[PDB]
Asker: 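A single structure is presented below for examination.
Counting begins at 1 with the first residue of the sequence.
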Amino acid sequence: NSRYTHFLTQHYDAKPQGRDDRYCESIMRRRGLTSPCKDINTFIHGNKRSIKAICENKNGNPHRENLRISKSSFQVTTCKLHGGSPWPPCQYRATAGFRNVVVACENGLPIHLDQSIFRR
């Protein structure tokens with residue numbers, strides 16, 4: 001139920017506009033991720049079907065401890081906090097990318113994005 005919805009709020013944007021620093025600064029604000037400033041956050045683009053499918057054999061393999069890694073590659077955008085303060089205004093540097101993603105699934109739905117793969 002709610003955790004999947006929460007996943008989409010935090011990590012899904014179907015048809016993003018641009019994907020530059022200002023894109024991150026705005027979407028991080030819209031999705032309620034700036035109080036306090038989330039240090040790093042990645043959005044997956046495209047359709048939802050392909051993301052849920054990572055939870056099945058259709059588009060995923062088991063990964064590490066109870067995670068799943070997608071077979072297909074996704075357009076993504078990683079927003080990384082810069083500046084000193086933990087509180088707003090939150091300034092973000094955007095990094096667009098294209099590769100597979102790691103999630104945790106529950107009852108066939110993604111409920112966690114593993115952010116470790118988008119650092120550095």
Side-chain angles (χ1 to χ4, degrees), residues 1-119:
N1 34 266
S2 61
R3 270 171 189 73
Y4 172 56
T5 294
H6 187 53
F7 175 87
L8 295 178
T9 293
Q10 288 191 316
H11 301 295
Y12 178 70
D13 187 23
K15 300 177 182 303
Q17 162 185 51
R19 292 157 77 183
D20 60 354
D21 290 6
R22 305 235 237 68
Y23 163 81
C24 279
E25 286 167 357
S26 173
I27 200 180
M28 290 294 278
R29 278 196 284 267
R30 303 204 299 274
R31 305 298 184 83
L33 300 181
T34 54
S35 203
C37 304
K38 189 162 177 182
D39 189 74
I40 188 174
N41 190 77
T42 301
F43 299 91
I44 302 172
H45 310 304
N47 60 236
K48 292 189 286 286
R49 314 189 298 277
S50 302
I51 302 179
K52 298 197 303 284
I54 303 165
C55 294
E56 323 160 26
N57 187 30
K58 177 166 178 46
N59 194 27
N61 296 143
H63 186 71
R64 298 310 184 206
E65 301 113 73
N66 303 0
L67 296 181
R68 298 224 104 214
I69 188 160
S70 71
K71 296 181 182 175
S72 77
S73 303
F74 291 84
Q75 293 284 343
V76 297
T77 306
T78 295
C79 303
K80 204 294 185 312
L81 182 68
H82 71 100
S85 165
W87 299 93
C90 312
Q91 299 169 100
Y92 287 96
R93 200 75 70 196
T95 302
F98 177 69
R99 74 108 103 201
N100 59 357
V101 308
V102 172
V103 298
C105 294
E106 186 188 63
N107 294 328
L109 295 171
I111 61 167
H112 169 71
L113 188 68
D114 171 13
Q115 284 292 163
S116 68
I117 67 173
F118 299 109
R119 297 183 177 279

Asker: Which heavy-atom pair separates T77 from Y23 by the least distance, and what is that distance?
Answerer: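 Minimum heavy-atom contact is CG2-CE2, 3.9 Å.
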Asker: Mind telling me whether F7 and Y4 have parallel, tilted or perpendicular rings, with 30° and 60° as the class edges?
Answerer: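 Rings of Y4 and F7: parallel, as their planes differ by under 30°.
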Asker: Nearest 0.5 Å, please: how far is NZ in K80 from OG1 in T42?
Answerer: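 Taking OG1 in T42 and NZ in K80, the distance rounds to 10.0 Å.
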Asker: Looking at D114 and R64, is any side-chain nitrogen of the basic one under 4.0 Å from a carboxylate oxygen of the acidic one?
Answerer: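 So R64 does not pair with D114 through a salt bridge.
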Asker: Distance-only, no hydrogens or angles: does the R31 side chain make a donor-acceptor pair with backbone N or O of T9 under 3.5 Å?
Answerer: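 Yes.
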Asker: Taking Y92's backbone N and O only, do any of them form a donor-acceptor pair with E25's side chain (distance below 3.5 Å, no angle check)?
Answerer: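 Yes.
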Asker: If you count heavy atoms of other groups shown closer than 6.0 angstrom to NE2 of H6, is the number above 12?
Answerer: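 Count not over threshold, so no.
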Asker: Side chains of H82 and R93: do they bring a donor and an acceptor to under 3.5 Å?
Answerer: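 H82 vs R93: donor-acceptor pair found between side chains.
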Asker: Would one find more than 12 heavy atoms of other residues, nucleotides or ligands at under 6.0 Å from atom CZ of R49?
Answerer: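 Check fails, neighbour count at 12 or below.
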Asker: Any luck finding a side-chain donor-acceptor pair between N59 and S72 under 3.5 Å?
Answerer: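 Yes, a side-chain donor-acceptor pair sits under 3.5 Å.
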Asker: Could you go step by step and tell me if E106 and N66 meet the side-chain contact (heavy atoms from CB on, under 4.5 Å) rule?
Answerer: CA-CA 10 Å; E106 186 188 63; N66 303 0; over 6 Å; no
Asker: Specify the closest pair of heavy atoms between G60 and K71, including all atoms of both residues, with the distance to one decimal.
Answerer: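 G60 and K71 have their closest heavy atoms at O-CE, 3.7 Å.
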Asker: Can you tell me how far apart OG1 (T78) and CD1 (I117) are? Round to the nearest 0.5 Å.
Answerer: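 Going from the OG1 atom of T78 to the CD1 atom of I117 covers 8.5 Å.
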Asker: With a 4.5 Å heavy-atom cut-off, do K52 and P110 have their side chains touching?
Answerer: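 Yes - at least one pair of side-chain heavy atoms lies under 4.5 Å apart.
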Asker: Out of curiosity, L109 CG to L8 CG, how far, rounded to the nearest 0.5 Å?
Answerer: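 Going from CG on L109 over to CG on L8, the span is 8.5 Å.
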Asker: Decide yes or no for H112 and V103: does some side-chain heavy atom of the first lie under 4.5 Å from some side-chain heavy atom of the second?
Answerer: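 Answer no - side chains too far apart.
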Asker: Over all heavy atoms of both residues, which pair between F74 and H45 is shortest? Give the atoms and the distance, please.
Answerer: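 Taking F74 first and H45 second, the nearest heavy atoms are CD2-O, 4.1 Å.
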Asker: Output yes when a side-chain donor or acceptor of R3 lies under 3.5 Å from a complementary backbone atom of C105, and no otherwise.
Answerer: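 Checked: no pair found.
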Asker: Check for me, please, whether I69 and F43 land in the same ILVMFWY cluster - side-chain distances under 4.5 Å, paths through other members count.
Answerer: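 No.
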Asker: Once rounded to the nearest 0.5 Å, what's the spacing between atom CD1 of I51 and atom NE2 of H11?
Answerer: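 Rounded to the nearest 0.5 Å, the CD1-NE2 separation comes out at 10.5 Å.
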Asker: Would you give the length of the straight line joining atom CG of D21 to atom OG1 of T95, rounded to the nearest 0.5 angstrom?
Answerer: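 Rounded to the nearest 0.5 Å, the CG-OG1 separation comes to 8.5 Å.
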Asker: I'd like to know if the side chain of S26 pairs up with that of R22 as donor and acceptor (distance under 3.5 Å, no hydrogens or angles considered).
Answerer: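 The answer is no; no qualifying pair exists.
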Asker: Nearest heavy-atom pair of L67 and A104: which atoms, and what distance?
Answerer: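 Smallest heavy-atom distance, with atoms named: CD2-CB, 3.8 Å.
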Asker: Would you mind telling me which of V102, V101, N61 makes a side chain to side chain contact (heavy atoms under 4.5 Å, CB included) with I54?
Answerer: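 The option that passes is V101.
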Asker: Could you state the interatomic distance from CD (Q10) to CD (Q115), rounded to the nearest 0.5 Å?
Answerer: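 So the CD of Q10 and the CD of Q115 are separated by 9.0 Å.
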Asker: Grab the two heavy atoms, one from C55 and one from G108, that are nearest each other, plus how far apart they are.
Answerer: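 Between these two residues, the closest heavy atoms are CB-O, 3.5 Å.
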Asker: Which heavy atom of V76 sits nearest a heavy atom of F118, and at what distance?
Answerer: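 Scanning both residues completely, I find the closest heavy atoms to be CG2-CE2, 3.9 Å.
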